[PDB]
Every structure is written in structure tokens, then in C-alpha cells.
Amino acid sequence: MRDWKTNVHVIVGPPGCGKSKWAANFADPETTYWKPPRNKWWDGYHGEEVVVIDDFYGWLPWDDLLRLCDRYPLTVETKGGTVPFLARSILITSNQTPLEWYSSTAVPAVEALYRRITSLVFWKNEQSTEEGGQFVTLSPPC
């Protein structure tokens with residue numbers, strides 16, 4: 001079903017900075033599904049190539065997030081049964097950097113998530129692309 005690395009783009013900035021608009025402008029609405037915040041459900045997903053996880057703060061199980069952001073065939077759960085996960089792009093909007101989503105105490109190796117992140121975009125003081133290995137995200141990605 002999926003046989004490709006799902007790209008993972010994290011967009012960080014304060015409330016009202018245009019995070020949701022950045023996500024909406026990434027690709028066509030017809031190709032973009034918005035994951036309901038704060039639950040494990042993929043209700044309404046119909047195989048869209050772009051998935052947006054708006055206002056993420058680490059409310060998916062670590063291991064589920066690692067799977068979503070990986071490259072193997074994967075089904076995800078809805079209230080009416082599983083559906084194939086077919087994202088080619090996952091956009092994660094957040095007020096915090098990924099440092100803050102999961103503590104290193106709660107997880108085997110935090111670099112497992114960071115290595116699966118493809119790009120980091122940061123609200124300055126506009127949205128600028130950052131180069132993993134920087135002041136605001138210490139860790140390497142991709």
C-alpha cells in the first residue's frame with residue numbers, strides 16, 4: 001500500500017502565526033486530510049497524499065508516531081475499522097519544537113523521531129526553513 005518514506009515537515013510558531021495556513025497552502029485540499037486533534041482516530045481519511053496533524057504536542061503514542069512517519073505499509077484505526085495509510089507528506093504544526101513533545105525519560109531514543117523528520121520550518125519574530133543542527137533544534141534530522 002505505502003512503499004515510500006513518508007516525508008515529515010514540522011512547522012513551529014506561536015498561536016496566530018499562520019501555521020494552519022502554511023499547511024493548507026502546501027497542497028490541494030482534495031489531497032490533504034486533517035487529522036482530528038487529541039485522539040487516535042483517522043475517521044474521514046480516504047487515502048490523501050498529504051496529512052496535516054494540527055496542534056500536535058505529543059498526544060499520539062511514541063511508537064504510533066514513529067510508524068506513521070516511516071516507510072512501510074501501515075493501516076491506521078478509525079471508529080469503523082482500519083484504513084490503509086497512504087500519506088506521502090505529513091505536516092505537523094505545533095507551538096513547541098519536537099524537544100517538548102516527548103521527554104527522553106518517556107522514550108527509548110528521542111533521535112528515532114528526529115531522524116524521521118524531513119524538514120523544520122520556524123516562525124522568526126516570517127516562516128524560515130531551519131537546518132537541523134541549530135540553536136532552536138539541537139538534534140540532527142532526516
# chains A, B, ... in the order shown; residues from 1 in each chain; ligands from 1
call {"tool": "select_by_dssp", "arguments": {"residues": "segment 53-83 of chain A", "states": "strand (DSSP E)", "output": "count of residues only"}}
result
8
call {"tool": "closest_atom_pairs", "arguments": {"of": "segment 7-51 of chain A", "to": "segment 100-115 of chain A", "cutoff": "12 Å", "atoms": "only C-alpha atoms", "output": "Markdown table"}}
result
| residue | atom | partner | partner_atom | distance |
| --- | --- | --- | --- | --- |
| A:7 | CA | A:115 | CA | 11.0 |
| A:8 | CA | A:114 | CA | 9.9 |
| A:9 | CA | A:114 | CA | 11.0 |
| A:10 | CA | A:114 | CA | 10.5 |
| A:12 | CA | A:100 | CA | 11.5 |
call {"tool": "residues_around", "arguments": {"residues": "segment 87-98 of chain A", "least_positions_apart": "5", "cutoff": "7 Å", "atoms": "only C-alpha atoms", "output": "VMD selection string"}}
result
chain A and resid 6 to 15 19 23 47 to 57
call {"tool": "write_last_selection", "arguments": {"atoms": "N, CA and C atoms", "output": "PDB file, in the first residue's frame"}}
result
ATOM      1  N   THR A   6       7.593   8.373   4.238  1.00  0.00           N
ATOM      2  CA  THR A   6       6.649   9.473   4.387  1.00  0.00           C
ATOM      3  C   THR A   6       7.454  10.680   4.847  1.00  0.00           C
ATOM      4  N   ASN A   7       7.362  11.783   4.086  1.00  0.00           N
ATOM      5  CA  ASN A   7       8.067  12.992   4.467  1.00  0.00           C
ATOM      6  C   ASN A   7       7.320  13.634   5.632  1.00  0.00           C
ATOM      7  N   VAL A   8       8.073  14.253   6.539  1.00  0.00           N
ATOM      8  CA  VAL A   8       7.532  14.800   7.769  1.00  0.00           C
ATOM      9  C   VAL A   8       8.107  16.194   7.924  1.00  0.00           C
ATOM     10  N   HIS A   9       7.188  17.166   7.883  1.00  0.00           N
ATOM     11  CA  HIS A   9       7.539  18.568   7.896  1.00  0.00           C
ATOM     12  C   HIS A   9       6.931  19.152   9.166  1.00  0.00           C
ATOM     13  N   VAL A  10       7.774  19.708  10.038  1.00  0.00           N
ATOM     14  CA  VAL A  10       7.326  20.319  11.268  1.00  0.00           C
ATOM     15  C   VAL A  10       7.415  21.857  11.177  1.00  0.00           C
ATOM     16  N   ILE A  11       6.283  22.496  11.478  1.00  0.00           N
ATOM     17  CA  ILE A  11       6.068  23.926  11.369  1.00  0.00           C
ATOM     18  C   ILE A  11       5.802  24.419  12.778  1.00  0.00           C
ATOM     19  N   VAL A  12       6.721  25.242  13.297  1.00  0.00           N
ATOM     20  CA  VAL A  12       6.704  25.645  14.681  1.00  0.00           C
ATOM     21  C   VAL A  12       6.555  27.155  14.729  1.00  0.00           C
ATOM     22  N   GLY A  13       5.685  27.586  15.636  1.00  0.00           N
ATOM     23  CA  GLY A  13       5.485  29.000  15.870  1.00  0.00           C
ATOM     24  C   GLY A  13       4.328  29.237  16.835  1.00  0.00           C
ATOM     25  N   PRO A  14       4.213  30.537  17.271  1.00  0.00           N
ATOM     26  CA  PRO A  14       3.144  30.830  18.202  1.00  0.00           C
ATOM     27  C   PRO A  14       1.758  30.906  17.630  1.00  0.00           C
ATOM     28  N   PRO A  15       0.780  30.719  18.486  1.00  0.00           N
ATOM     29  CA  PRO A  15      -0.593  30.844  18.043  1.00  0.00           C
ATOM     30  C   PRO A  15      -0.847  32.082  17.208  1.00  0.00           C
ATOM     31  N   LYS A  19       0.351  29.036  10.954  1.00  0.00           N
ATOM     32  CA  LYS A  19       0.773  27.648  10.823  1.00  0.00           C
ATOM     33  C   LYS A  19      -0.255  26.886   9.988  1.00  0.00           C
ATOM     34  N   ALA A  23       0.116  24.983   6.203  1.00  0.00           N
ATOM     35  CA  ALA A  23      -0.306  23.608   5.933  1.00  0.00           C
ATOM     36  C   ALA A  23      -1.313  23.543   4.779  1.00  0.00           C
ATOM     37  N   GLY A  47      -7.219   8.171   1.988  1.00  0.00           N
ATOM     38  CA  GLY A  47      -6.012   7.910   1.208  1.00  0.00           C
ATOM     39  C   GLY A  47      -5.333   9.154   0.638  1.00  0.00           C
ATOM     40  N   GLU A  48      -5.605  10.326   1.221  1.00  0.00           N
ATOM     41  CA  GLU A  48      -4.992  11.583   0.818  1.00  0.00           C
ATOM     42  C   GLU A  48      -3.470  11.515   0.927  1.00  0.00           C
ATOM     43  N   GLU A  49      -2.770  12.171  -0.003  1.00  0.00           N
ATOM     44  CA  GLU A  49      -1.322  12.081  -0.036  1.00  0.00           C
ATOM     45  C   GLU A  49      -0.670  12.953   1.033  1.00  0.00           C
ATOM     46  N   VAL A  50      -1.402  13.970   1.498  1.00  0.00           N
ATOM     47  CA  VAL A  50      -0.907  14.926   2.474  1.00  0.00           C
ATOM     48  C   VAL A  50      -1.792  14.811   3.706  1.00  0.00           C
ATOM     49  N   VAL A  51      -1.163  14.604   4.856  1.00  0.00           N
ATOM     50  CA  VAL A  51      -1.851  14.538   6.130  1.00  0.00           C
ATOM     51  C   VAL A  51      -1.323  15.699   6.963  1.00  0.00           C
ATOM     52  N   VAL A  52      -2.227  16.458   7.583  1.00  0.00           N
ATOM     53  CA  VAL A  52      -1.820  17.527   8.479  1.00  0.00           C
ATOM     54  C   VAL A  52      -2.265  17.165   9.897  1.00  0.00           C
ATOM     55  N   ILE A  53      -1.312  17.161  10.833  1.00  0.00           N
ATOM     56  CA  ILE A  53      -1.550  16.947  12.254  1.00  0.00           C
ATOM     57  C   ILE A  53      -1.327  18.287  12.927  1.00  0.00           C
ATOM     58  N   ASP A  54      -2.449  18.990  13.107  1.00  0.00           N
ATOM     59  CA  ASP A  54      -2.516  20.363  13.576  1.00  0.00           C
ATOM     60  C   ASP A  54      -2.417  20.329  15.094  1.00  0.00           C
ATOM     61  N   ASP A  55      -1.702  21.287  15.693  1.00  0.00           N
ATOM     62  CA  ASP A  55      -1.651  21.433  17.142  1.00  0.00           C
ATOM     63  C   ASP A  55      -1.231  20.127  17.824  1.00  0.00           C
ATOM     64  N   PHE A  56      -0.079  19.601  17.391  1.00  0.00           N
ATOM     65  CA  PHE A  56       0.489  18.409  17.978  1.00  0.00           C
ATOM     66  C   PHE A  56       1.358  18.819  19.153  1.00  0.00           C
ATOM     67  N   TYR A  57       1.248  18.046  20.222  1.00  0.00           N
ATOM     68  CA  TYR A  57       2.027  18.268  21.406  1.00  0.00           C
ATOM     69  C   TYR A  57       2.451  16.907  21.988  1.00  0.00           C
TER      70      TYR A  57
END
call {"tool": "residues_around", "arguments": {"residues": "residue 142 of chain A", "least_positions_apart": "3", "cutoff": "6 Å", "atoms": "only C-alpha atoms", "output": "PyMOL selection string"}}
result
chain A and resi 115-118
call {"tool": "atom_distance", "arguments": {"atom1": "atom CA of residue 74 of chain A", "atom2": "atom CA of residue 44 of chain A"}}
result
16.6 Å
